[PDB]
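Secondary and tertiary structure notes
Below, each chain spelled out in residue letters.
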Amino acid sequence: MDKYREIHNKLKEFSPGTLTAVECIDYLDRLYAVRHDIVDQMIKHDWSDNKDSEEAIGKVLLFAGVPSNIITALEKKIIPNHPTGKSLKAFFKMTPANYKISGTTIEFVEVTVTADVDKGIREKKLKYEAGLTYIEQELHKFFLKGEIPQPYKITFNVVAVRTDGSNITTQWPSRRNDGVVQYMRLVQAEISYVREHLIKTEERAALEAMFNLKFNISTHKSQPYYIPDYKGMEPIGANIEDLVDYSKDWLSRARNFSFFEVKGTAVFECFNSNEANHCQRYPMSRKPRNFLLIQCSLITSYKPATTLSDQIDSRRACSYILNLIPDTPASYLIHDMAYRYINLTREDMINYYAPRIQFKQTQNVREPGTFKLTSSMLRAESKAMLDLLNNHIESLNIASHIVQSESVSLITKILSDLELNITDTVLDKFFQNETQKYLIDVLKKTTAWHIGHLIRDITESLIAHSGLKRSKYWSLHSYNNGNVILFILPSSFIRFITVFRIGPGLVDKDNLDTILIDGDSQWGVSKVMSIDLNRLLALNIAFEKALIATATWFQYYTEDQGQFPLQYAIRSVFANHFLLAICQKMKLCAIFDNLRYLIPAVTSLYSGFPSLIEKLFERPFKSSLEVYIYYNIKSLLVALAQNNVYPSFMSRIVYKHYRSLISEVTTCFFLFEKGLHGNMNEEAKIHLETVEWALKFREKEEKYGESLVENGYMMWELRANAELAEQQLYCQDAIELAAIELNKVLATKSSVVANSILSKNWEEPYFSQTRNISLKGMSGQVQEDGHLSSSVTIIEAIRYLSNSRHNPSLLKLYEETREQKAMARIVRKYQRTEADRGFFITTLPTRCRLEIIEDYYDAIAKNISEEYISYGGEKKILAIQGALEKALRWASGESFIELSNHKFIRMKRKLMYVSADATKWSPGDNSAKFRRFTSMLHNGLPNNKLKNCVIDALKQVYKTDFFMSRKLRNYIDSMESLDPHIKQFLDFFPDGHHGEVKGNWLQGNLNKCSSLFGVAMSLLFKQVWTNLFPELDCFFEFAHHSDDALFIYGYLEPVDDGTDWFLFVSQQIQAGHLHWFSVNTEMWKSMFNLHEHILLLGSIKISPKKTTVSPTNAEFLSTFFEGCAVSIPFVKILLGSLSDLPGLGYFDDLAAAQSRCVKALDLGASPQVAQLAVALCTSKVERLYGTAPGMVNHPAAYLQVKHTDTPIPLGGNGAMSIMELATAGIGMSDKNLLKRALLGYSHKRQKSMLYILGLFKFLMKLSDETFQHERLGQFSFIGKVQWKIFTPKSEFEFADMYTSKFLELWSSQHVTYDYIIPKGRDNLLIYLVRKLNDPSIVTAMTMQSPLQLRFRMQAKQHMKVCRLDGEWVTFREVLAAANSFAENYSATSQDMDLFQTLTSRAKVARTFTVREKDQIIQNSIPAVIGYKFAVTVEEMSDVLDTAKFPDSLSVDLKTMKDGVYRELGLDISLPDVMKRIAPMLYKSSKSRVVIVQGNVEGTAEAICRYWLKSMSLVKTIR
């Protein structure tokens, strides 16, 4: 009653219509707490034994006399009839309201007060009675075992009181009822007063909506679903005995093994035969083609090129050139251009090097850095060269040793020239002592270092000429005191010529256009060569990529050998890396991709290495580099095959671990950019593959009939045909038997399976999910011309919502779009995004059906994650660990077989492991095989409605319309000679646009379904093998991870000599057991043969190329986990930070690069390598934006502070420590600087600290944007500088649906939608339109557009791309304005407060959180934030639907308020405080995965200590 007086007292002062929605929520909640507590306390005083606080069920049992060990044992048990399948451990922790113990009788009474007494009683009974009855039964079972002296009886009661308390005397007869009734009716009157008067009228509706949804949907429910009555399938009669008999008949004969024994002689013979075949089926060439994009040489140290030095170098270089005698038309062009450059005027010279802002047009110079060259002063040879230029397969003799000598000598000479020597933080100590000493100081004196810097300067000049207005003119540049000269022709592809002095370096004399002599000096003039933008960008960062690859190889060498590489080895590795980086060719990329699978194929007992070797000869060998690489691979593979200590691919060292050898080739493959993939050679290949598989499917349909191909063939048909066991066909009995075998293990967790399936939220709206409004590709609509548009899924979502009056759920959307035929096409390479996976994009209905199937199958398969399929986290290793431990335990034994009487034959148990890509999607698969599968699979639901929906979706994804690309159409229309295989491809498409494809789902997301199907087939194989040989204790296990699978076969071998075993096998054979012919020798071979045949019965073909068999697991502990999103090597992340930068501005480009480096560190990269990558990326960024010291936009040149005291958006550099970036974050440097400035100014009134504060205030004034969770950029807490952004030629569709002012107002008045996705149709439309206009979204959608790619390359050093006073100005103007503002700035109390607010072994996969989450906080942080900011009824409904526990939100809000006041020390109730500190909580909510080596736990401190330990490469520093 005292709490009621308290609440009434603090209700009295508030006038009606002044309390907010949340405050009214809290008032109502604690009023309900008091009114419940009155009855609870009265029952406690009358009958309950807990007078002070509620007690847990486990503690009640302990008090009642139940021993603790029995409770601990029972905690592992799961309640069978519990609706959620709760275990007894969780059941013990929850606290009933009242309990009493009388001898052996434990009586529980729960207190609830509600209008519907029966509903509350039923809810409490469902919560308590099932678990309590299970506990009582278990206690009786233990009593029967004698572990409990007396049996315990547990009874549960519910006392449910009406809202007016009229039934309290009937529910609980006591003499104190009248006072309780008076008190609770006073509470009810106060509740009515609060609900009806104290809330604002504009919020009132929301309140009742809350009051409807915070309770059990009293008067707010829709339930309009009515899942349609789709037809299912009737289970046919399938008997395991038929399959057993078929296997007996199949094994009675001899079957060919699908793999070959690995021997050095076999590999050498296969290589020789492939070479002989290749050299006779290709047109033979005697002249290797060019492979060096830039040819140059260096004899002295190279200084970076400057504008002043460039002029002098060009002058002296042209003076040298004019003294030469041309002999080729290219040399004539060179001489003409040099003569033109010499004959320019003084003002021409001034305007040539003048920046664009200071540039002035002239009769000879039209653009800066370029000059005009008319045809009048060109010579006849120059005109002929131009005319041949603008008016535009064979193989080398790899078998002949002459080409061997020539190519090997050339590449060895180039490498030898490259490797020739030319004439503080705790991390800093280790870096300067290990990495600087052994890597930087050695590679710094190499010729390749200066060659790479010269290459960077050359590529920078080429990019500078690549502008739209500059590509129409000629250009000349010089480098290294006139020793290198570059000529640019009027170029899309840019064309250039390089003239250098002959010397050590990148010289290929046989591919040079000519060599000129002027005495003792030789000048090599190369051919005019054309290069595109992607290769130019790859060349620009060639030095950085080579250095990163060398650092990674250094780290791996130290990890393997335990010491440091010698000088010559590291120099050779760097030379190889640089040579590979400078030569970007598709053939090299394919060769190195093939090597990643060739290496395991030769280091194991059996493999499919002939096919992999054959794949090396699929493309012609044109350059000498390809021959050298191929020969090095040949030698390495022959040595590896003869070795069954691992030789190194790059040097003369030998590794002790196979993972280092894998890492070498992985780094080699990742040295090649992804921009060269997807060209118009790989798209036609995929088109032809898909068309060929579709045509084969059509042929099988014509042969056996459509019904047999679609519904599968019968077993007796297989017994009479024996050709039906082929890919694209499946046996119904096999599918049903696999389903039964999987049900054998799925039947023990029916409740868990049903709960998991129903937890997928088949009722929540389709388009309110992040996966349906992402940036992934999608197929649009059939245009007028008849082609299929390539759009983005967000655009299609907007289009659908425009014509739809509501946001349908998944099942409803499937209902509306059920009759639309599925369509698919190949993604356009110019519209690919980062989130795109695969090459096929489908329409919206296809994605809906695939999502239905994927959700259903993932829900089913999650419940066996401990046994066969690994997803992630704790269950990512349990399946593999269990399989390996069981295999080892079984192998640690002997087998005994009874031949006759008690005499036994002894057998030694051996193991063999097979790794196969069984799960991987194949273009020749049949989806209809799933229809009979899910029809028989057991899900535990009480009805088949959802199962029938899944079956119907699988039926509707059977037929697809595959559309051919416009580019391929134009290319096929181009050539005059059509190949016979091209003719069939065209005949596949009847209208020239689309063709029907059946069976294949075209890379649709069905990975979990395929994995489950493969697991079922493996279980079927295990069962049938057990049935075949009951007397043999054969062993079989398997595991699946992503697309890979590992099978362990434990077989028996004859001990001593093989005499009794063959005798027993024969005796079985004459006994009628013909299937014992296969078990004679190498029983594992027959095991795998039967397993492969059974898998083929389900149309799963084990790849005869990439499958690896060995008696041990060396290639299987790495490849099995390779492919996951967490096992990705850090080399790709490190190399990707130097390219594909957002180009959104200096600050966020630097943030993206540093975040990529931090992520690479999290993937297992050494701290020193990560620091080097950070340094390289920042150097590149500062060079690009011109903020590096000594350059134009250096902050120190226009600010009164040092470079380290400048905010990052104003050209600052940040912490520059990878350890501080990983722990604190990217933007914590600004907060630290602001904290230092605040502390200095508030305690010493220092002028410079005030200047820093003024700089921060100016940054805040420039741009103060609110955080949106869909922004792909980096959010700045203390403001940012707005930069000019790429403008596409045509804006995306629907981007202009709403004006910018309307979207700004909508964002201002809807703060909740900055953290949650709206559920209503109109709100979702506005949200999606606003997202479509976000600059970080527009930039991401046009990531691969050529215009954006060129725009990112342009140096922003002298471009007006900064926003200031509503005008576009250069960066230094912004810096000057910032300085002027900071000079005349005075601190104010509001600014003071705002500033204070703004500042406040074995490899495993531990996942951590930056600051973790409070255990009291049950819902997600964004849900709680949306709850706090929600005002409108619609947004509150969206929050309530989004939250996992809508009832417990005010509790979470109060908990977060208390936590903020504890650690941050701020109060939430004040305005705008959350608008400032919410992004901090959002980032802290997210969790990050780190690859850690050791026994490190999941807490942040443990991983920090692990990184401290790994600070040193060689020695432990604990």
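If you look the chain up in the PDB entry, it shows as RNA-directed RNA polymerase L from Hantaan orthohantavirus. What UniProt states about the chain under its Catalytic activity heading is, verbatim, "RNA(n) + a ribonucleoside 5'-triphosphate = RNA(n+1) + diphosphate". Under Subcellular location, UniProt gives the following word-for-word description of the chain: "Host cytoplasm, Host perinuclear region".

Spatial strand order, β19-β18-β23-β24: four strands in an open sheet with mixed pairing. Both outer strands of the open sheet, β19 (840–842) and β24 (994–998), are each paired with one neighbouring strand and no more. Between one strand axis and the next, the sheet turns by 35° as a mean value, whatever way the strands run.

Right, let's get into helix α20 (residues 542–561). Here α20 contains 20 residues, and its C-alpha end-to-end distance of 28 Å stays within 8% of the 28 Å for a straight helix at 1.5 Å per residue. Most of α20 sits out of view: 19 of its 20 residues are buried. Once α20 finishes, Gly562 follows within two positions and takes phi at roughly 85°, a positive value.

Spatial strand order, β1-β2-β3: three strands in an open sheet with mixed pairing. Two strands in the sheet have a free side with no partner beyond their single neighbour: β1 (98–102) and β3 (153–161). Here the average twist between neighbouring strands, direction ignored, is 15°. In the sheet, strand β2 (residues 105–113) pairs with β3 via nine bridges, with the strands oriented parallel.

Another aspect to go through is the packing of aromatic side chains. Counted according to the given criterion, the structure contains 70 aromatic pairs. Ring geometry for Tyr352 versus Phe371: centroids 6.2 Å apart, planes at 35°, classification tilted. One end of the pair, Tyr352, is in helix α14 (residues 346–353); the other, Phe371, is in the loop between α14 and α15 (380–390), with 19 residues separating them in the sequence. The buried category is assigned to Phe371, whose relative accessible area is 0%. Their ring planes at 50° and their centres at 5.4 Å tell us that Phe669 and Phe670 sit as a pair that is tilted. For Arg30, the ring lying beneath its charged end belongs to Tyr27, and the centroid distance is 4.1 Å. Residue placement shows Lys1261 over the ring face of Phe1381; its charged tip is 5.8 Å from the ring centre.

Under the criterion given, the structure shown has 58 salt bridges. For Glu123, the salt bridge is made with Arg122, and the minimal N-O distance between the two is 3.5 Å. For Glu626, the salt bridge is made with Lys585, and the minimal N-O distance between the two is 4.0 Å. A residue pair is termed long-range when its members are at least 10 positions apart, and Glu626 in helix α24 (residues 624–642) and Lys585 in the loop between α21 (567–582) and α22 (586–602) qualify at 41 residues. You can call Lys585 partly exposed: its relative accessible area is 33%. Taken together, the salt bridges that share partners define one network made up of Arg771, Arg847, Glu851 and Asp855.

About the criteria used
Residues numbered from 1 in each chain as written, not as in the entry; some residues may be left out. Heavy atoms only, no water. UniProt positions renumbered as here; feature names shortened; annotations may be inferred. Pairing = 2+ DSSP bridges. Helix = DSSP H or I, 4+ residues; strand = E, 2+ residues; numbered from the N terminus. Axes fitted to C-alpha atoms, helices over the stretch in contact; angles between N-to-C directions. Expected span 1.5 Å × (residues − 1). Buried < 20%, exposed > 50% of the residue type's maximum accessible area, 1.4 Å probe, protein only. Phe/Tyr/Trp six-rings, centres within 6.5 Å; stacked < 30°, edge-to-face > 60°. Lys NZ or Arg CZ within 6 Å of the ring centre and 35° of its normal. Salt bridge = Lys/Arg side-chain N within 4 Å of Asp/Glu carboxyl O.

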